[PDB]
Structure formats: C-alpha cells, structure tokens
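*Asks:* before I ask anything, here's the sequence and the deposited coordinates:
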Amino acid sequence: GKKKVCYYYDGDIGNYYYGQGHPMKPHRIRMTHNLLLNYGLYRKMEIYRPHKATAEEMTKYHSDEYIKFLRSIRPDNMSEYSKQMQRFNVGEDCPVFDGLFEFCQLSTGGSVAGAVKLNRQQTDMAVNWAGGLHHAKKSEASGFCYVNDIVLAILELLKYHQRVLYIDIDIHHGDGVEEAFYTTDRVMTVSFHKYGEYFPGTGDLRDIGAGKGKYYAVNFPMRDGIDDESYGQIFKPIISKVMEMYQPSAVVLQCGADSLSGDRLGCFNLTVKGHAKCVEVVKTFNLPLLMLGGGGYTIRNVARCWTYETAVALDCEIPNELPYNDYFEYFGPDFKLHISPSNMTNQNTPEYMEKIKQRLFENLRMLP
Ligand SMILES: CCC(O)(O)CCCCC[C@H](NC(=O)[C@H]1CC12CCN(C)CC2)c1nc(-c2ccc3c(c2)[C@H]2CC[C@@H]3C2)c[nH]1
Ligand SMILES: [Ca+2]
Ligand SMILES: [Ca+2]
Ligand SMILES: [Zn+2]
C-alpha cells in the first residue's frame, strides 16, 4: 500500500554556486523544495535536515589525500594547489567554488542519513534530491561531482543488506558507481544512458563486470531522441528480470532529470510522466528504496520532475495547474507541471530497443 517517505533537505543548498556559465545549478534543489511545499506535499512526508558528512565518513570510499584536498582548497588559495588540482581533476567541469566542501557534506549527508533510516526500518522510502552525484571516483572529481554520495550510501546499506540494486536513469552513464562495485556481486548496477560521442564515454553494453562481479553490471546504451513509449517498453521488462534473478533486499534509484525533453545538456525526449514511470515501476517491488537526484540542466523541468516523483513516492495525486510559488515566473508561459515532448526524431528504432534488451536478457540468464 502507501509507504512512509522521509525527505532530506538543507535550506542552504540552493546558495552554492558553480560559477558563471556552469550548467550545474544547486538552486534547482531549492526550486524543487518550494514547488513541493506549495503543492502541500510536506503534509504526508517526514522532512529532515541532513547532518554535514564528516571527512571521515567520506573516506569510507574516497582516499584520505583526496578528501583532505577538498577540505582545504578555496578560490583564495587555488594558486598554491595547481599540482593537486590536476591530479584530482578539479578545473573546468569540477571548479573550485566558495563552500565546495560544505556542498559535498550536505549532498552526502542526505544520502547517508537516508540509508541509515532505511537500515533501521524506520521508513520505506528516503529521498535526497541533492545527491546522485554518480561520476565521482575514489581519488578524482568528475562531471560536476566531487564526492560520490551514492557509493557511500550503498556502503551504508551493505551493513544490513546482502544484495543492493542500483538503477540509474540519468542520461549520462553512472561510471563512478559502476567502477566502485565492478568486481563484487553484493551490488548490481543498472544504467540506461546515451552512448556514443557523449560523456563520460563508458557504459558499452559489453561492459558487464569482472571477477566476482561478472554479470553484475548492466548497461543499456541508447541513441538521441528516446521517448516515453520506447523507454517504458524496455525499463519494466529489464527491471522485472533483474528483480527476479538478483533478488535485492534494498534499491537505490538515481533520478537524473537530464534525460527529459528540452534539457540543456541532454538529447533525450522523455516527459515528466515517462521519467516518473521508472519510479512507479521500482516502487511496485515493495523494497526499501533510496531515491536520489543527479543531472538536470533546464531547471524549471528539473523542479517539475522531482516534485512529481516525490508525489509518486507518496501516492499523492497533484494537479497539473502549478500552485503559486517563489519561482512562479520560471514556469511560464504555461505554468503547468507536465511537459510536452519535442518533434525530435527517435534514433532508437523499436528493433534496436528489442535487440539490446535481448542481449541484456542473455547476460541476466548467467546469474546463479
Ligand atoms: C550530475 C550528473 C551528470 O551526469 O548529469 C553530470 C554530467 C557531466 C557532463 C560533463 C561534460 N564534460 C565533458 O564533456 C568533458 C570532456 C570535457 C568537455 C568540456 N570541458 C569543459 C572539459 C572536458 C560536460 N561539461 C559541460 C560544460 C558546459 C559548460 C561549461 C563547462 C562544462 C565548464 C567550462 C565552461 C562552462 C563551465 C557540458 N558537458
Ligand atoms: Ca544512467
Ligand atoms: Ca557490480
Ligand atoms: Zn547527467
């Protein structure tokens, strides 16, 4: 039936600024929060302010030298760290900005706190829209991500769950999470992403894991223009087969909204309903679930998407007419919650979708 939902948010998160021209805008998290507050979604959720994750909590995965660097670097002392900046890939995509470490602490704190709440059986679902920073590596920042809150949250869930399923619907391949668990069978990673002349360049359908992790990494490479019909046609059958074969006891779902139509960096054509159908599919399995944010660069659509996915988690119907809110003008000219797909061509033919699904089904037959 209806599930208990715990939501993590710090009111300071929207003030972190990556810099002029940078597509990553933490302000979209504040827009999401304000929109869901104005729809009355706080009446049914337990809202928590995450703690600031310590350097020590982050080193359960990341190297001590990398976390020490993140805790020390600032725009005013950058000149003295040119060597470490190159070593840790801090530069254009992952810039040094005021409060960088505190931003990482809040993003991570929400994910780890949600995982602890799930481990204690005190909630059915935990939501952290500030998390889902899937590209960060053990000793390297990557693709706007510095600390991999997902890996840290999964490590927390592994304290009480033998098998954890990670599902990533961001348009970009979830490389940092896949790499962290590539040689283990205790985590199965499933990523649906655009593949071909696109960041980060990984996630080929032939990348299936290694050693004890062979067959525990699943990648569904897609081309431009995927729509609700095509995505829905493969998501439920793949996830149903993964649930059947792997039998996870907890799930983490990365809900990156850059797979929506009209995204500044993405080239997919999903609507908010099509994207949210993934949340509905996962929720139906009735397993402890951690829902996280991720990409999303047309910020009015990210706020619409995550507001609707929070309503989905709560089993609460909300009207298409947007309520008045602090950012009302950002939702013009329509002031509606749902979006329309564009006229872009879907390069993923129905035959391509079925063929890739069949190759993934062959790999899933190899599980014990
Ligand atoms: C949160 C999860 C997630 O998955 O959604 C994260 C997605 C990350 C996409 C990263 C991608 N980077 C790249 O494609 C890497 C090969 C480069 C090209 C761009 N230059 C600056 C660095 C080297 C990329 N970077 C940009 C980008 C656009 C505009 C700018 C920048 C990056 C910086 C330099 C100018 C401004 C700031 C676009 N695409
Ligand atoms: Ca993905
Ligand atoms: Ca794995
Ligand atoms: Zn992305």
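*Replies:* Now that the structure is in, tell me what you want to look at. Residues are numbered from 1 along each chain as shown. Ligands and ions are numbered 1, 2, ... in the order given.

*Asks:* what residues does the stretch 51-200 of the chain have near ligand 1?
*Replies:* Neighbours of ligand 1 within the stretch 51-200 of the chain, by Cβ under 6 Å from any ligand atom: 92, 93, 133, 134, 135, 143, 144, 145, 170, 172, 199. (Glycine included, C-beta is placed from N, CA and C.)

*Asks:* same thing with the stretch 251-368 of the chain?
*Replies:* Residues of the stretch 251-368 of the chain lying near ligand 1 (Cβ under 6 Å from any ligand atom): 256, 258, 265, 294, 295.

*Asks:* which of those residues tops the neighbour count?
*Replies:* Ranked by neighbour count (other Cβ atoms under 10 Å), those have residue 295 at the top, with 29 neighbours.

*Asks:* so the residue lying closest to that residue once chain neighbours are set aside versus residue 286, what's the distance?
*Replies:* Residue nearest to residue 295 in three dimensions, not counting chain neighbours: residue 258, with 3.4 Å by Cβ to Cβ, 6 or more residues apart in numbering. As for residue 258, its distance to residue 286 is 28 Å (criterion: Cβ to Cβ, to the nearest Å).

*Asks:* count of neighbours near the residue in the stretch 1-150 of the chain positioned nearest to ligand 2?
*Replies:* Using Cβ to the ion, the closest approach of the stretch 1-150 of the chain to ligand 2 is made by residue 134 at 7.5 Å. Neighbourhood size, residue 134 [other Cβ under 10 Å]: 31.

*Asks:* now it, what are its backbone angles?
*Replies:* phi -70, psi -10 (degrees, to the nearest 10).

*Asks:* check contacts around the nearest residue to it once chain neighbours are set aside.
*Replies:* What sits nearest to residue 134 in space, not counting adjacent residues and going by Cβ to Cβ, 6+ apart, is residue 174, at 4.2 Å. Applying Cβ atoms under 8 Å, 6 or more residues apart in numbering, we find residue 174 in contact with 134, 135, 150, 166, 168, 189, 191, 193, 203, 254.

*Asks:* out of those, which is nearest to residue 84?
*Replies:* residue 135 (18.9 Å; Cβ to Cβ).

*Asks:* quick one: contacts of stretch 60-71?
*Replies:* Here stretch 60-71 makes contact (Cβ under 8 Å, 6+ apart) with 55, 58-59, 81, 84, 88, 90, 100-101, 104, 136, 138-140, 146-148, 151-152, 155, 180.

*Asks:* if we can go back for a sec, any chance of CSV for the residues of the stretch 251-368 of the chain next to ligand 1, columns secondary structure?
*Replies:* As requested, those are exported to CSV (DSSP: H, G, I helix; E, B strand; the rest coil):
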residue, secondary structure
256, coil
258, helix
265, coil
294, coil
295, coil
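
*Asks:* closest one of these to ligand 2?
*Replies:* Once Cβ to the ion is applied, the member of these that ends up nearest ligand 2 is residue 256, at 6.6 Å.

*Asks:* gap between the closest residue to ligand 3 within the stretch 101-250 of the chain and residue 332?
*Replies:* Taking Cβ to the ion, ligand 3 has its nearest neighbour within the stretch 101-250 of the chain at residue 216, 3.6 Å off. Distance, residue 216 to residue 332, by Cβ to Cβ: 46 Å.

*Asks:* neighbour-wise, which of those two wins?
*Replies:* Each of residue 216 and residue 332 has its neighbours counted (other Cβ under 10 Å); residue 216 has more, 26 against 9.

*Asks:* so which of the contacts of residue 174 are in strands?
*Replies:* If you go by DSSP state E, the contacts of residue 174 have 166, 168, 189, 191, 193, 254 in strands.

*Asks:* residues touching the third one, list them.
*Replies:* It refers to residue 189. Residue 189 neighbours (Cβ under 8 Å, 6+ apart): 166, 168, 174, 177, 178, 181, 216, 217, 218.

*Asks:* what residues are bridge-paired with the second one?
*Replies:* Here residue 168 shows beta-bridge partners residue 191, residue 254, assigned using DSSP bridges.

*Asks:* so it versus ligand 2, what's the distance?
*Replies:* 4 Å (Cβ to the ion, to the nearest Å).

*Asks:* same check on the last one?
*Replies:* When distances are taken as Cβ to the ion, residue 218 and ligand 2 turn out to be 11 Å apart.

*Asks:* which residues of the stretch 51-200 of the chain lie near ligand 4?
*Replies:* Counting by Cβ under 5 Å from the ion, the stretch 51-200 of the chain comes close to ligand 4 at 170, 172.

*Asks:* tell me where the stretch 51-200 of the chain has helices.
*Replies:* Ranges of helices within the stretch 51-200 of the chain are 55-58, 64-72, 82-87, 100-119, 149-157, 175-180, based on DSSP state H, counting those that start in this stretch.
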